[PDB]
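Novice: Residue numbers (the authors' numbering), protein chains in the order written: chain F, 14 to 100; chain B, 25 to 101; chain A, 41 to 134; chain E, 50 to 134; chain K, 199 to 383, 415 to 674; chain D, 61 to 149; chain H, 58 to 149; chain G, 18 to 116; chain C, 21 to 108.
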Amino acid sequence: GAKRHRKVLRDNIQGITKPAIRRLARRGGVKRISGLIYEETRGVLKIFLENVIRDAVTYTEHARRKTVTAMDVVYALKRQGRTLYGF
Amino acid sequence: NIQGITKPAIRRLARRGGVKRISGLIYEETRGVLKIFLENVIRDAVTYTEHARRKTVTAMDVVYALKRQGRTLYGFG
Amino acid sequence: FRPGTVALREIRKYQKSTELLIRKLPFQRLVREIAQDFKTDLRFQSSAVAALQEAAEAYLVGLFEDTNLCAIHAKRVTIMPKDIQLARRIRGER
Amino acid sequence: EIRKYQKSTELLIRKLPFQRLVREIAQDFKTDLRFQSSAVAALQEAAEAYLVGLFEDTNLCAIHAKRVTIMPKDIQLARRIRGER
Amino acid sequence: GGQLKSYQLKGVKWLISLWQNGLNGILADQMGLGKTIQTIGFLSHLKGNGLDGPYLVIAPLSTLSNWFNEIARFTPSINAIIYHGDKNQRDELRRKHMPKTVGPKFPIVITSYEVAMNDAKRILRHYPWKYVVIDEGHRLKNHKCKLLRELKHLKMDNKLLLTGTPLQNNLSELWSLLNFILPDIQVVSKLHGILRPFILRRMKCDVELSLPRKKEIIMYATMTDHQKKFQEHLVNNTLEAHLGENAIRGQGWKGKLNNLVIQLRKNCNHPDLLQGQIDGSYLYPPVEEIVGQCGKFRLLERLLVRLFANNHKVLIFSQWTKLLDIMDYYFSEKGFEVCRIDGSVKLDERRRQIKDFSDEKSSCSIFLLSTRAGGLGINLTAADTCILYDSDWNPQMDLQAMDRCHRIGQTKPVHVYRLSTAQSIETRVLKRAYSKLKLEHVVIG
Amino acid sequence: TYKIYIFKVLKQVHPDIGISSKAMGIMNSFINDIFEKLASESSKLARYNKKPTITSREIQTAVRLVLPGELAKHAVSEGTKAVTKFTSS
Amino acid sequence: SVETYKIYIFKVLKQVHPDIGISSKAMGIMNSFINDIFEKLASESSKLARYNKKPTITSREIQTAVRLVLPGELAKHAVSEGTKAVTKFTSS
Amino acid sequence: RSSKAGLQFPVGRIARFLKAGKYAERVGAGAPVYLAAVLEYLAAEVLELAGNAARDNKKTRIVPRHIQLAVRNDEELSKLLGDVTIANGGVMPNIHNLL
Amino acid sequence: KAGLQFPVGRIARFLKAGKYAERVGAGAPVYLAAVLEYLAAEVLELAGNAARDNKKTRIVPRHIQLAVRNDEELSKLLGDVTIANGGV
DNA sequence: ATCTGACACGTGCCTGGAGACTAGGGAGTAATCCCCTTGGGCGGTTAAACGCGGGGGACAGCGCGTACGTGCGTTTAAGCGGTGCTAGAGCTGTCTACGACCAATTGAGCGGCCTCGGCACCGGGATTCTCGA
DNA sequence: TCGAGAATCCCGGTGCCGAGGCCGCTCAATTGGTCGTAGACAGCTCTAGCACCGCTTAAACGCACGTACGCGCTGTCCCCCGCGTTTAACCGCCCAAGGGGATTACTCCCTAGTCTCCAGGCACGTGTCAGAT
Numbered sequence: 014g015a016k017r018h019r020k021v022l023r024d025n026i027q028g029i030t031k032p033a034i035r036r037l038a039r040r041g042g043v044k045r046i047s048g049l050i051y052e053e054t055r056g057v058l059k060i061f062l063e064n065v066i067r068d069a070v071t072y073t074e075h076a077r078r079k080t081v082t083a084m085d086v087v088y089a090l091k092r093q094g095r096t097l098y099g100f
Numbered sequence: 025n026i027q028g029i030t031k032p033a034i035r036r037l038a039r040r041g042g043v044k045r046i047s048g049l050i051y052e053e054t055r056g057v058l059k060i061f062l063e064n065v066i067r068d069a070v071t072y073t074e075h076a077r078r079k080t081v082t083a084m085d086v087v088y089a090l091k092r093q094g095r096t097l098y099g100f101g
Numbered sequence: 041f042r043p044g045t046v047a048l049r050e051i052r053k054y055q056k057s058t059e060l061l062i063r064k065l066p067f068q069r070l071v072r073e074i075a076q077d078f079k080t081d082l083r084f085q086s087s088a089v090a091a092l093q094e095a096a097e098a099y100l101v102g103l104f105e106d107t108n109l110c111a112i113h114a115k116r117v118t119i120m121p122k123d124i125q126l127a128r129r130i131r132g133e134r
Numbered sequence: 050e051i052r053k054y055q056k057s058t059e060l061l062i063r064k065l066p067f068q069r070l071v072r073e074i075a076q077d078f079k080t081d082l083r084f085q086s087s088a089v090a091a092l093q094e095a096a097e098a099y100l101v102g103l104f105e106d107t108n109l110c111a112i113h114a115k116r117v118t119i120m121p122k123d124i125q126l127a128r129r130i131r132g133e134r
Numbered sequence: 199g200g201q202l203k204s205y206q207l208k209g210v211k212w213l214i215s216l217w218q219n220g221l222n223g224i225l226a227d228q229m230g231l232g233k234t235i236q237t238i239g240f241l242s243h244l245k246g247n248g249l250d251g252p253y254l255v256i257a258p259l260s261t262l263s264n265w266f267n268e269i270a271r272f273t274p275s276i277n278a279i280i281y282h283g284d285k286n287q288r289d290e291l292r293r294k295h296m297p298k299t300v301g302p303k304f305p306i307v308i309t310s311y312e313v314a315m316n317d318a319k320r321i322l323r324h325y326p327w328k329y330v331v332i333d334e335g336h337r338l339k340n341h342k343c344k345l346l347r348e349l350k351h352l353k354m355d356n357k358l359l360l361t362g363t364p365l366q367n368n369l370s371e372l373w374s375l376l377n378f379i380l381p382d383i415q416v417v418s419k420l421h422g423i424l425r426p427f428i429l430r431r432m433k434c435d436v437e438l439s440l441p442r443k444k445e446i447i448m449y450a451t452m453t454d455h456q457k458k459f460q461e462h463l464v465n466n467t468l469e470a471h472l473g474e475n476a477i478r479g480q481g482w483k484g485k486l487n488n489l490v491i492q493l494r495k496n497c498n499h500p501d502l503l504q505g506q507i508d509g510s511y512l513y514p515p516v517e518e519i520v521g522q523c524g525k526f527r528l529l530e531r532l533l534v535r536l537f538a539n540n541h542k543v544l545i546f547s548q549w550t551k552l553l554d555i556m557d558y559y560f561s562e563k564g565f566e567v568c569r570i571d572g573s574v575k576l577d578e579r580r581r582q583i584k585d586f587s588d589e590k591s592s593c594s595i596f597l598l599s600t601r602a603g604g605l606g607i608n609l610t611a612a613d614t615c616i617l618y619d620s621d622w623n624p625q626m627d628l629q630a631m632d633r634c635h636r637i638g639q640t641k642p643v644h645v646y647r648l649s650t651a652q653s654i655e656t657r658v659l660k661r662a663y664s665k666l667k668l669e670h671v672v673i674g
Numbered sequence: 061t062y063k064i065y066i067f068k069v070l071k072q073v074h075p076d077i078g079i080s081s082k083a084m085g086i087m088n089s090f091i092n093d094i095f096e097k098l099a100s101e102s103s104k105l106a107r108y109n110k111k112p113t114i115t116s117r118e119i120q121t122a123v124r125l126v127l128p129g130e131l132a133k134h135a136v137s138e139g140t141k142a143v144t145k146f147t148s149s
Numbered sequence: 058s059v060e061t062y063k064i065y066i067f068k069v070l071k072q073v074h075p076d077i078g079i080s081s082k083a084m085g086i087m088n089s090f091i092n093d094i095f096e097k098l099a100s101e102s103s104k105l106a107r108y109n110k111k112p113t114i115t116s117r118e119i120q121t122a123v124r125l126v127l128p129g130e131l132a133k134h135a136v137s138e139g140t141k142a143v144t145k146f147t148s149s
Numbered sequence: 018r019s020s021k022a023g024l025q026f027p028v029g030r031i032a033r034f035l036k037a038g039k040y041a042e043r044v045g046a047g048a049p050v051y052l053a054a055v056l057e058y059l060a061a062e063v064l065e066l067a068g069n070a071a072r073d074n075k076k077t078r079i080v081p082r083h084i085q086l087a088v089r090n091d092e093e094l095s096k097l098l099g100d101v102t103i104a105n106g107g108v109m110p111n112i113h114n115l116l
Numbered sequence: 021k022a023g024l025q026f027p028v029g030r031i032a033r034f035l036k037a038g039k040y041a042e043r044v045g046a047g048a049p050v051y052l053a054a055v056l057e058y059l060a061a062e063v064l065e066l067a068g069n070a071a072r073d074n075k076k077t078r079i080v081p082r083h084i085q086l087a088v089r090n091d092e093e094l095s096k097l098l099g100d101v102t103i104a105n106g107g108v
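1. From the beta carbon of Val117 (chain A), is the nearest beta carbon of chain G less than 8 Å away?
2. What is the rounded straight-line gap between the Cα of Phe240 (chain K) and the Cα of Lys575 (chain K)?
3. Which of the residues in the segment 37-55 of chain C, read from start to end, lie with their CB under 7 Å from any CB of chain D?
4. Find the nearest neighbour of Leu115 (chain G) within the set A:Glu133, A:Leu126 and A:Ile119, judged by alpha-carbon distance.
5. Could you give the DSSP three-state label for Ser649 (chain K): helix, strand or coil?
6. Please list, in chain order, all residues of the same chain as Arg337 (chain K) whose beta carbon is under 7 Å from its beta carbon, the five residues on each side excluded.
7. Excluding five sequence neighbours on each side, which residues of the same chain lie with their C-beta closer than 6 Å to the C-beta of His83 (chain C)?
8. Please report how far the alpha carbon of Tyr72 (chain F) lies from the alpha carbon of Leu125 (chain D), in whole angstroms.
9. Give me the Cα-Cα distance between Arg39 (chain B) and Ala33 (chain B), rounded to the nearest whole angstrom.
10. Spell out the partners DSSP gives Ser599 (chain K) in its beta bridges.
11. Just to make sure I have the definition right: I need the residues of chain G whose C-beta is within less than 8 Å of the C-beta of residue 11 (chain F). Which are they?
Structure, rendered in structure tokens:
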């Protein structure tokens, strides 16, 4: 119940919660983590994802389709050096 | 013949990279990392050569190997 | 307990498990948002988002191990942003 | 001396030493082999380039630890992140 | 005689006759004086002759509380337990009763659809259940619902289904149920041969007096020129550009697929829904007169000014919650005091709001109220007029709403104003909901 | 090989400059390498996807999947213009 | 409808470790590992054909492709397993 | 043909794939045999290492966690899958002396 | 042939040879020519401009290297090139 | 000012271009049907947010000593030039012995259908690992 | 030190569900003549790679000497961690009428490869004229 204020929504990126970055770090062997780390991990996730999704959306359109299948993602990764077994 | 990569040369290369003050144990390490690189490229080259029934490492053999390892080399052929 | 002993507890359990972190719904929102830019009007199968998530987690774990190495090199135990900036510069990533 | 070699495009190792090493390390894979005088040149160019990059990343790795004197730990931290033997 | 009273007893007699034939039936008395009282009757009729045996009764939660309370009737002999919650149930799992022995001790098992579904394992072990009784049959109207799959794992030697609205959507819900009640199971008469033996729908003929007769009237509105422009741009795929000229906070959330029936309904509700979602415009339409660009909004306003001429309290319903929000914004700017209970609001919070709305003293006439809201027992008989600002594909839902104010305690005669717009999908939907009421009206025959 | 054309492209962009002999070599090598990358990519995109032909569409996807960044966004425009002129004429 | 080496990957397992199961979702990796190694070798050997300007992918080529993909001592023991087999196939 | 040689993998199926994969115009006769004999060797190695892994965890069946571990452990098979990310395979334990 | 400087015919022939696929369309030779031409033009421009800084009237291997190194796009396509007789 | 690269006109030879078939993959269409659409309901329950100490930790300053850079006079040995010698790269011509292809033949392995043992789960009991004083 | 207590670690017993099992059937892998063509290989020419000599001089080497940097040690104070409590966080299951899907199998057409002739570009040959070593 507001005036100009409508109904706001957070950034889909803020969805990656600080607790989840910490859990990914501890599996990497880290011990004490800083506070300026979280706003840094988010950017590097975003860049990776942007290069992969771009290739998948390309591989799709060429098939005249409009759905990104698993096989489109597996090829993008292989073009980038990372190979995923199991789909 | 690896002691012919003498102390002054390593130093010159290091000033191309940006280094300022070299230590005293850096030389042996350099001499090892050169050897590994040279040993990989040459193996691939000799393979390519033999595959062509020759006895002369030659044009486009080295280039092809260096490409194989992520190092395209324009020119030299 | 004394700070640091429950932390070494966590670096053991998670390295032994193979169960995925990151809630499934938030990642799927993020990918879609990132996608409305390259091509407007596009749908995603489920398996695709699954694969994408698996890959991302691996990437981040690797980055996190090399950023720990870099920190130790400077005689610390806290990993700071400069270590993320040094590691990526040596690996070539944009 | 930093400035001088940053403007030049000349070779920094001598010629024949590089030839001998490359002939020997081949010997282990194949005995009695020949080498066009252009091959040994390509091999030198490439090697010299490689070493300059390694050194440029080792310098970065030292500035990290607040030194200015490169040390063997640095070369190693560089050749590990970059994924090498 | 010698037991209970009228509008019942024969219902227990039907149940006992079913017991004799052992066939399983679907009592469907009009939603009036019966249900809980009649449900226990038959089992209570087991009394001495049969208080021993597995007895199960699945129902929502409010319904669970109610059944339990009612079981405190004449002859409090047989025991009962509300197997509710999780882990706390674990402690009562064995404490409440023995795994197999059922003397007079066995307390009636009263569970919910979640509990029943999530941990059927626990109850799977129990003996062939004498009578499993499912309060709201509509829950099983889909033949692929996971509850149905988990409900077959139970070893049931008898079944029973309580409902008041057997069919709502189409005939396939009758088909899925009939597999449940009877696995074995011009043309209108032929159907009535199969269904006469089991179905027992006693009308509100037995319990008359439904308060002053209600009036349901449809008052159309004329789609304005700003909505027509939006609709054509949406007839094809052009709405985005005509609105993408500013592209603030993304050019129309860079993307628009949707289904024509609901993107054009959203328009016919209020064009702001599209505009807000397309351009960032963090500020609501402040002209407070651009809210008046919607024809249906303007017909609501005038209706309401004429209904304040008398002040009798109104009721407003909608399908979504963005639209109720726009309405609230609009009225709050003028200054009206509003109360609102959608699904987003909490339970105890919404119960006090009613207790205040229902305050004989309080006079916040405008009460916003979603349609699918679970607040049936809201009972705000203080209000006298219901305005269905939208339609509903399943007509029964609307009917429930009608009940929410047309219930006991409404002395003042009630009107209903189903607003709509001509030359659009709103008129299409009205025809659909009308043919669904007709599908159930010939069945009432 | 491509000497004449690379000599021609230079005369058009920088009307008054020349080019040494070692430079021409580098340039020809570059052109040949781009060609090979582009063509290999196009072929692979055809073995899979089950097709015996390498049409224009595959030359475009290949250009998008290998030319990095805006550099591609232009090359695509440049190629579309030239195939349009050729087809219409 | 979907060709796979599952049948043969379970025969080799039995031969190597007699009493150990493999489980599904685990041969979904072993099949992929084989298909990928096939692809790499064949592609290398084609490039090695188109390069040497011959229209035939023969044994010599497959061997020089093995020597360049499979890394290290694997090569040696693969090369042997393979050559052994070609001589054997020859005297049939 | 698989029989004439001691191979267990299918020679014919590999030959067909090579001929139908547009890998070249004319495949020879020995190329299908050699390829089969190398593929078999590689698989045997990986499987043999993975099997040694399971018994340790006290299980008699292999799971992706085992193959990952085996690959990571051995040097050559690692230089080979230098970037591969096996699904649901976890990581190899590693806590430094900084403790 | 009709529109560009590069040899649409020869490019086509090279596609027929090398057996990249069974059939080659008609537009396929035309498009590639244009892309290669654009790419060469960009590089030749920056190098000459590089030479316009050094004021050298003749483009030499060093200039090409310098140009490739500076521009943010070419540095990415040309990731690790080591131009013969050049330097950092 | 000059020696080193340019830069320019010609022979011809080798390409492209043009004109046509029979072929034959691709653009067009219809179909079925099944995962995929925007907006809401209610009930779970486990993860995430917040606040508060307090113990770490990171950081800055200072001092000693040792290992690095610079300088100068020997001493290597690389570079150049010239001479001699032959291995082997490169190319040509013959003729066969590995290949493709077609057709007749049919058993190996493949989609869907069985079953039961090892593996996930533990609760109960039992054992070692912090920590604090 | 030594315990006090908390995380860690077994035994069974549980189901109980996926890892092995079997089985006709289809199509795909064999086996036999052709059917040429692609392969080896024998032989010749002449380029360029290797070996070796003598001389000049530039780069490498060794040793002395000074001082800047690296490393240990200390003290202050910021900010990260662990715990308990209160909110969100997700995840499940349901509406209902729509489409979006994408896959398969339907059908002919215009353009690929194919010839075939015939043009005139380009690779290579040659004379000029400068510009940066």
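Quick reminder that beta carbons are idealized off the backbone N, C-alpha and C, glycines included.
Specialist: Working from what's here:
1. With respect to chain G, the C-beta atom of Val117 (chain A) has a partner C-beta closer than 8 Å.
2. Rounded to whole angstroms, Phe240 (chain K) to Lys575 (chain K) spans 38 Å at the Cα level.
3. Sequence-ordered contacts of the segment 37-55 of chain C with chain D read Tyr40, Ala41, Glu42, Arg43, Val44, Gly45, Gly47, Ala48, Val50, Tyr51, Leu52, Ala54 and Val55 [C-beta pairs closer than 7 Å].
4. The option with the nearest alpha carbon to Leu115 (chain G) is A:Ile119.
5. Note: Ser649 (chain K) maps to strand in three-state DSSP.
6. In its chain, beyond the 5 residues on either side, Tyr311 and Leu345 have a beta carbon closer than 7 Å to the beta carbon of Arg337 (chain K).
7. If we look at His83 (chain C) and ignore the five residues flanking it on each side, its Cβ neighbours are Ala67, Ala70 and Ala71.
8. For the pair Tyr72 (chain F) and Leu125 (chain D), the Cα-to-Cα distance works out to about 9 Å.
9. If I take the Cα positions, the gap works out to 10 Å.
10. Under DSSP, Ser599 (chain K) takes part in a beta bridge, and its partners are K:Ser547.
11. Outside the shown range of chain F (14 to 100) lies residue 11 (chain F), about which nothing can therefore be said.
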